[PDB]
Amino acid sequence: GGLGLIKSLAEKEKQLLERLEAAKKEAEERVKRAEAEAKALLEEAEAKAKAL
Amino acid sequence: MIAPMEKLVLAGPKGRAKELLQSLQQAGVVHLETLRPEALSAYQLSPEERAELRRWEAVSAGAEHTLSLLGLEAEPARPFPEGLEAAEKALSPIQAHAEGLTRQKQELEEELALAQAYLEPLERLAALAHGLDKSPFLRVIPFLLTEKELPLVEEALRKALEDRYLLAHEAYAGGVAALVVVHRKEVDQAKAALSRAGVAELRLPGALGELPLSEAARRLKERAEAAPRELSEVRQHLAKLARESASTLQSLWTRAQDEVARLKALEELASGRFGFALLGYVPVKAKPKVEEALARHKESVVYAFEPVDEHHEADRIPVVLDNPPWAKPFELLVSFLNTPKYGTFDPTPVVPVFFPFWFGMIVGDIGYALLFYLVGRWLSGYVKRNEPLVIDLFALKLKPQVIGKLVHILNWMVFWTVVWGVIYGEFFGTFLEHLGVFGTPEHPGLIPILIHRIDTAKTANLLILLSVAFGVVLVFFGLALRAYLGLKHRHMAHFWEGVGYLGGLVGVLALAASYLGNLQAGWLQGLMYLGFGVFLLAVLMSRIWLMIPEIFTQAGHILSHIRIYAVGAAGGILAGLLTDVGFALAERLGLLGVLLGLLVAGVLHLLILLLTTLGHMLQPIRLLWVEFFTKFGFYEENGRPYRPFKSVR
């Protein structure tokens, strides 16, 4: 089944291209969550400093 | 029978790709394939592996260049698994040694060859010019010239100062040392006029023609007294370098050829980013070896043992021979020509069933058979000694396995020439004269003869009919085989051409045997009916025209088998006449110069042996090659040669 083997390898290769683009979206999603939490922490710190 | 040649498809990850290609290349019984166009990339290999590849090829080229510089030849050995920079530390010092020595000694031979030819004229003019080495008033025009024509070149000095301007040739008559000395400009202009009469100054390379003659002659004496010592010492050191470097350098050469072969075959794959796939061809008697070799890998990565697609779209399939071992050693003799197409008939068994049996009918001398048995026992002793056969006259160097195949064909040939020396009844030409060992009724001494072969009233018609009959069997077998191969592939023009040539040829043969042979013109005429009816039916149901001029050459090919009896009678009565003249003129003229006639007939008999056994050895195999192989095809699209993963070893 050479045609089946080439078809299976193409199906593999495609599915993990989808895995690779899901990974590069998820890493940047973690980056956005981290920077949002950092800016919120800086804002809370300066608000506490000004209230004190 | 050509092996059925199944397909092998593999896949997986890429570090495992390099590892399984290593494990597949160690057990090298597989052919490769491109496998580009569908769903995968062309596999640009790697940049760092490209650098490693070109560095390995530089290693291989440098090692083989060092070896050819050393003077030996490059044979493989067993390789050694060791690191690459360890191979660099193995390669580079012996390369530096041999390269520095082949600079040193070759330029030493240049300086010695330019020195030894011109020591004595230079030393002679130095002893002549020891009153002016480099004095700043008069240049010394030197000319090592020809014989006594000194006035022809001294005419320029006669045009110069005649009562002065010392110019002569004293001694050393191998070349007359015409020295000229007047001044600077006077000697320059007189040298110009002497060159117009034919002259040249000693301006050579090195140190002689670039410095003053006294110290340059002393330096030439120094090089003449020094250089053969370095000749001998550098030969001794290159001999030591050979004897204790050639083994490890050709071992790393085998390693380098293995690495270059593996990496250059590594680009014949197809991959993207999470895996590869490759395709190859495996002969069916190699399936358990590849199966146990590919059983090693990761989770026994998935093989596809495809039964190969059939004769349609089948030109890219590799071909092997796979004959039984009684017929095995004629593969080179059938593979001087091209290769079949995996679906063409395996031609190799008919040459053992025919060719030595025809060569027996060529050579019917028991003495020729005994001399062949002597050279065969010599040549089997030569493969016992395991030496590659070398002769620089023909530049023939070849390995002992071909020589063992030559032993096999020579034995399987010499049996048939023994038995056709018995039936034809000829011992070393004719030594039945004194001892009447072969029984003809003109001098019956001993056991009878089957056919006399020296006369033609008893022999020629029977032998010529049998010589045509073998061609009848051969050509009808060939045309039937072409019809079989046309019936196989469902290609109909080959079937029609085969049955048409068969019908036309048997019709022409029946018409010949009837209307030009004997009486009884009744029975064979229906066979003429059948033959020409089949031929016309083939041409009508064919439309494959220009077979009609071929049938005349086809009868030519069935009739051109006369030559076996022709060279048989030629060589037979030639040997018989030579031993007849020698034996008769030795015995019945003198009775004690019989050894004179015996050895001159022997040396002339061995002369005609050495001078025409090549030709009447070549005749049966050209008979096969240009009748039988070209009847059933065998000359179409050249096939494709099976070369596996080498692992040169």
# chains A, B, ... in the order shown; residues from 1 in each chain; ligands from 1
call {"tool": "interface_residues", "arguments": {"of": "chain B", "to": "chain A", "cutoff": "12 Å", "atoms": "only C-alpha atoms", "output": "compact mmCIF listing (two decimals) with N, CA and C atoms, in the first residue's frame"}}
result
# COMPACT_ATOMS: atom_id res chain seq x y z
N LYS B 7 8.45 -4.55 -4.12
CA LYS B 7 8.64 -3.18 -3.70
C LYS B 7 8.68 -3.09 -2.18
N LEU B 8 9.50 -2.18 -1.67
CA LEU B 8 9.70 -1.97 -0.25
C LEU B 8 9.48 -0.51 0.06
N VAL B 9 8.46 -0.21 0.87
CA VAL B 9 8.19 1.17 1.28
C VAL B 9 8.40 1.27 2.79
N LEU B 10 9.14 2.29 3.22
CA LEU B 10 9.37 2.53 4.63
C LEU B 10 9.11 3.99 4.96
N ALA B 11 8.96 4.28 6.25
CA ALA B 11 8.64 5.62 6.72
C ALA B 11 9.23 5.80 8.12
N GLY B 12 8.99 6.97 8.72
CA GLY B 12 9.32 7.17 10.12
C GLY B 12 9.91 8.52 10.48
N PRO B 13 10.68 8.60 11.57
CA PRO B 13 11.39 9.83 11.91
C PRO B 13 12.80 9.89 11.34
N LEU B 35 10.84 8.99 -5.77
CA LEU B 35 9.56 9.13 -5.05
C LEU B 35 9.28 10.61 -4.72
N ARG B 36 9.38 11.45 -5.73
CA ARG B 36 9.14 12.88 -5.55
C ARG B 36 7.67 13.33 -5.50
N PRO B 37 6.86 13.14 -6.56
CA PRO B 37 5.87 14.17 -6.92
C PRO B 37 4.69 14.32 -5.96
N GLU B 38 4.37 13.33 -5.14
CA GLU B 38 3.11 13.33 -4.42
C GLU B 38 3.34 13.66 -2.95
N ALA B 39 2.76 14.78 -2.51
CA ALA B 39 2.48 15.14 -1.11
C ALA B 39 3.71 15.35 -0.23
N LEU B 40 4.92 15.23 -0.77
CA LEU B 40 6.12 15.40 0.03
C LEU B 40 7.09 16.33 -0.69
N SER B 41 8.08 16.79 0.06
CA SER B 41 9.08 17.70 -0.48
C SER B 41 10.26 16.92 -1.06
N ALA B 270 11.99 11.30 0.94
CA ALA B 270 10.94 12.31 0.84
C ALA B 270 10.39 12.55 2.23
N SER B 271 10.40 13.81 2.66
CA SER B 271 9.98 14.13 4.02
C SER B 271 9.47 15.55 4.09
N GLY B 272 8.77 15.85 5.18
CA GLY B 272 8.47 17.20 5.59
C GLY B 272 9.07 17.49 6.95
N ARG B 273 8.23 17.51 8.00
CA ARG B 273 8.70 17.88 9.33
C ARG B 273 8.47 16.85 10.42
N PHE B 274 7.48 15.97 10.31
CA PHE B 274 7.39 14.91 11.32
C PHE B 274 7.51 13.52 10.72
N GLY B 275 8.48 13.33 9.84
CA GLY B 275 8.66 12.02 9.26
C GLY B 275 9.02 12.00 7.79
N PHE B 276 9.54 10.86 7.37
CA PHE B 276 10.05 10.63 6.03
C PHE B 276 9.38 9.38 5.50
N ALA B 277 9.56 9.17 4.20
CA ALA B 277 9.22 7.91 3.56
C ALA B 277 10.15 7.70 2.38
N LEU B 278 10.54 6.45 2.17
CA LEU B 278 11.34 6.09 1.00
C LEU B 278 10.81 4.80 0.40
N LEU B 279 11.22 4.57 -0.85
CA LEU B 279 10.81 3.41 -1.62
C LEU B 279 12.04 2.75 -2.22
N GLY B 280 11.96 1.44 -2.39
CA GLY B 280 13.07 0.69 -2.94
C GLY B 280 12.58 -0.61 -3.55
N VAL B 302 7.14 0.68 10.00
CA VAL B 302 6.20 -0.09 9.19
C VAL B 302 6.74 -0.28 7.78
N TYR B 303 6.89 -1.53 7.38
CA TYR B 303 7.28 -1.91 6.04
C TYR B 303 6.04 -2.13 5.18
N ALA B 304 6.18 -1.86 3.90
CA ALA B 304 5.19 -2.25 2.90
C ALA B 304 5.91 -3.12 1.88
N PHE B 305 5.65 -4.43 1.95
CA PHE B 305 6.18 -5.40 1.00
C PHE B 305 5.16 -5.53 -0.12
N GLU B 306 5.22 -4.60 -1.04
CA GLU B 306 4.24 -4.62 -2.12
C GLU B 306 4.67 -5.63 -3.18
N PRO B 307 3.78 -6.51 -3.62
CA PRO B 307 4.03 -7.21 -4.89
C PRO B 307 4.01 -6.21 -6.02
N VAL B 308 5.07 -6.24 -6.84
CA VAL B 308 5.35 -5.16 -7.77
C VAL B 308 4.26 -5.08 -8.84
N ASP B 309 3.96 -3.85 -9.27
CA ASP B 309 3.01 -3.65 -10.35
C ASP B 309 3.53 -4.28 -11.63
call {"tool": "residues_around", "arguments": {"residues": "residue B:195", "least_positions_apart": "4", "cutoff": "12 Å", "atoms": "only C-alpha atoms", "output": "PyMOL selection string"}}
result
chain B and resi 141-143+145+152-157+187-191+199-201
call {"tool": "closest_residue", "arguments": {"among": "B:43, B:259, B:314, B:106", "to": "residue B:640", "atoms": "only C-alpha atoms"}}
result
B:314
call {"tool": "closest_residue", "arguments": {"among": "B:613, B:64, B:454, B:563", "to": "residue B:466", "atoms": "only C-alpha atoms"}}
result
B:563
call {"tool": "residues_around", "arguments": {"residues": "residue B:641", "least_positions_apart": "2", "cutoff": "8 Å", "atoms": "only C-alpha atoms", "output": "VMD selection string"}}
result
chain B and resid 318 to 320 339 639 643
call {"tool": "write_last_selection", "arguments": {"atoms": "C-alpha atoms", "output": "PDB file, in the first residue's frame"}}
result
ATOM      1  CA  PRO B 318      15.821  -3.368 -11.903  1.00  0.00           C
ATOM      2  CA  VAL B 319      16.824  -6.728 -13.339  1.00  0.00           C
ATOM      3  CA  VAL B 320      18.952  -9.617 -12.109  1.00  0.00           C
ATOM      4  CA  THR B 339      20.023  -6.386 -19.924  1.00  0.00           C
ATOM      5  CA  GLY B 639      16.421  -2.498 -19.170  1.00  0.00           C
ATOM      6  CA  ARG B 643      22.973  -2.009  -8.215  1.00  0.00           C
TER       7      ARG B 643
END
call {"tool": "atom_distance", "arguments": {"atom1": "atom CA of residue B:609", "atom2": "atom CA of residue B:557"}}
result
28.6 Å
call {"tool": "residues_around", "arguments": {"residues": "stretch 233-242 of chain B", "least_positions_apart": "3", "cutoff": "10 Å", "atoms": "only C-alpha atoms", "output": "VMD selection string"}}
result
chain B and resid 67 70 to 72 94 97 to 98 101 to 102 104 to 105 227 to 230 245 to 247 249
call {"tool": "write_last_selection", "arguments": {"atoms": "N, CA and C atoms", "output": "mmCIF file, in the first residue's frame"}}
result
data_model
loop_
_atom_site.group_PDB
_atom_site.id
_atom_site.type_symbol
_atom_site.label_atom_id
_atom_site.label_comp_id
_atom_site.auth_asym_id
_atom_site.auth_seq_id
_atom_site.Cartn_x
_atom_site.Cartn_y
_atom_site.Cartn_z
ATOM 1 N N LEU B 67 47.248 7.858 -1.706
ATOM 2 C CA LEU B 67 47.543 6.480 -2.072
ATOM 3 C C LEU B 67 48.119 6.388 -3.481
ATOM 4 N N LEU B 70 51.512 7.519 -3.399
ATOM 5 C CA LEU B 70 52.391 6.504 -2.843
ATOM 6 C C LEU B 70 52.761 5.457 -3.885
ATOM 7 N N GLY B 71 51.886 5.212 -4.859
ATOM 8 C CA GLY B 71 52.175 4.327 -5.966
ATOM 9 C C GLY B 71 51.372 3.045 -5.984
ATOM 10 N N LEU B 72 50.728 2.687 -4.879
ATOM 11 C CA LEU B 72 49.910 1.484 -4.844
ATOM 12 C C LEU B 72 48.521 1.774 -5.410
ATOM 13 N N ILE B 94 50.524 11.295 7.666
ATOM 14 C CA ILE B 94 51.089 10.500 6.581
ATOM 15 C C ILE B 94 50.921 11.222 5.253
ATOM 16 N N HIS B 97 53.722 13.762 5.269
ATOM 17 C CA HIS B 97 54.995 13.095 5.013
ATOM 18 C C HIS B 97 55.160 12.767 3.537
ATOM 19 N N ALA B 98 54.176 12.075 2.957
ATOM 20 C CA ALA B 98 54.273 11.676 1.560
ATOM 21 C C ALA B 98 54.218 12.873 0.618
ATOM 22 N N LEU B 101 57.652 14.610 0.813
ATOM 23 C CA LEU B 101 58.665 13.813 0.137
ATOM 24 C C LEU B 101 58.457 13.781 -1.375
ATOM 25 N N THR B 102 57.212 13.826 -1.857
ATOM 26 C CA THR B 102 57.027 13.867 -3.302
ATOM 27 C C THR B 102 57.207 15.263 -3.879
ATOM 28 N N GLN B 104 59.905 16.996 -2.507
ATOM 29 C CA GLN B 104 61.353 17.036 -2.348
ATOM 30 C C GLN B 104 62.058 16.182 -3.388
ATOM 31 N N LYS B 105 61.640 14.925 -3.536
ATOM 32 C CA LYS B 105 62.378 14.025 -4.410
ATOM 33 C C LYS B 105 62.117 14.330 -5.881
ATOM 34 N N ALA B 227 73.126 14.057 -4.349
ATOM 35 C CA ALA B 227 71.769 13.625 -4.690
ATOM 36 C C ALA B 227 71.446 12.122 -4.774
ATOM 37 N N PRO B 228 72.329 11.207 -5.226
ATOM 38 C CA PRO B 228 71.949 9.777 -5.185
ATOM 39 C C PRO B 228 71.803 9.204 -3.781
ATOM 40 N N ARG B 229 72.467 9.799 -2.789
ATOM 41 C CA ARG B 229 72.257 9.400 -1.402
ATOM 42 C C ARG B 229 70.827 9.697 -0.963
ATOM 43 N N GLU B 230 70.315 10.874 -1.333
ATOM 44 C CA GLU B 230 68.930 11.205 -1.030
ATOM 45 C C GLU B 230 67.957 10.403 -1.879
ATOM 46 N N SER B 245 51.847 2.328 6.425
ATOM 47 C CA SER B 245 50.711 3.238 6.371
ATOM 48 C C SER B 245 49.594 2.801 5.437
ATOM 49 N N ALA B 246 49.862 1.921 4.456
ATOM 50 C CA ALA B 246 48.889 1.632 3.407
ATOM 51 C C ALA B 246 47.639 0.959 3.949
ATOM 52 N N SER B 247 47.790 0.119 4.976
ATOM 53 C CA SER B 247 46.661 -0.616 5.536
ATOM 54 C C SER B 247 45.649 0.323 6.178
ATOM 55 N N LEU B 249 45.441 3.575 5.774
ATOM 56 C CA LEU B 249 44.898 4.604 4.894
ATOM 57 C C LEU B 249 43.856 4.029 3.936
#
call {"tool": "select_by_dssp", "arguments": {"residues": "stretch 283-473 of chain B", "states": "strand (DSSP E)", "output": "PyMOL selection string"}}
result
chain B and resi 304-306+389-391+396-398
call {"tool": "residues_around", "arguments": {"residues": "residue B:132", "least_positions_apart": "5", "cutoff": "12 Å", "atoms": "only C-alpha atoms", "output": "PyMOL selection string"}}
result
chain B and resi 125-127+137-140+181-182+212-214
call {"tool": "residues_around", "arguments": {"residues": "residue B:467", "least_positions_apart": "4", "cutoff": "8 Å", "atoms": "only C-alpha atoms", "output": "CSV table (one decimal) with N, CA, C and O atoms, in the first residue's frame"}}
result
chain,number,residue,atom,x,y,z
B,463,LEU,N,27.2,-33.9,-42.6
B,463,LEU,CA,27.5,-32.9,-41.7
B,463,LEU,C,26.9,-31.5,-42.0
B,463,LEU,O,26.5,-30.8,-41.1
B,471,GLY,N,20.6,-25.1,-36.7
B,471,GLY,CA,20.0,-23.8,-36.9
B,471,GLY,C,18.5,-23.8,-37.1
B,471,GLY,O,17.8,-22.9,-36.6
B,561,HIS,N,24.3,-21.2,-40.4
B,561,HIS,CA,24.9,-22.2,-39.5
B,561,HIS,C,25.9,-23.1,-40.1
B,561,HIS,O,26.3,-24.1,-39.5
B,562,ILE,N,26.3,-22.9,-41.4
B,562,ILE,CA,27.2,-23.7,-42.1
B,562,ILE,C,28.6,-23.6,-41.4
B,562,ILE,O,29.4,-24.5,-41.5
B,564,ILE,N,30.0,-23.8,-38.6
B,564,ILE,CA,30.5,-24.7,-37.6
B,564,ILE,C,31.2,-25.9,-38.3
B,564,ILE,O,32.4,-26.2,-38.0
B,565,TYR,N,30.6,-26.5,-39.4
B,565,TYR,CA,31.2,-27.5,-40.2
B,565,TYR,C,32.3,-26.8,-41.0
B,565,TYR,O,33.4,-27.5,-41.3
call {"tool": "residues_around", "arguments": {"residues": "residue B:556", "least_positions_apart": "3", "cutoff": "12 Å", "atoms": "only C-alpha atoms", "output": "list in words"}}
result
residues 468, 471, 472, 475, 505, 508, 509, 549, 550, 551, 552, 553, 559, 560, 561, 562, 626 and 627 of chain B
call {"tool": "atom_distance", "arguments": {"atom1": "atom CA of residue B:69", "atom2": "atom CA of residue B:95"}}
result
9.5 Å
call {"tool": "atom_distance", "arguments": {"atom1": "atom CA of residue A:20", "atom2": "atom CA of residue B:17"}}
result
22.0 Å
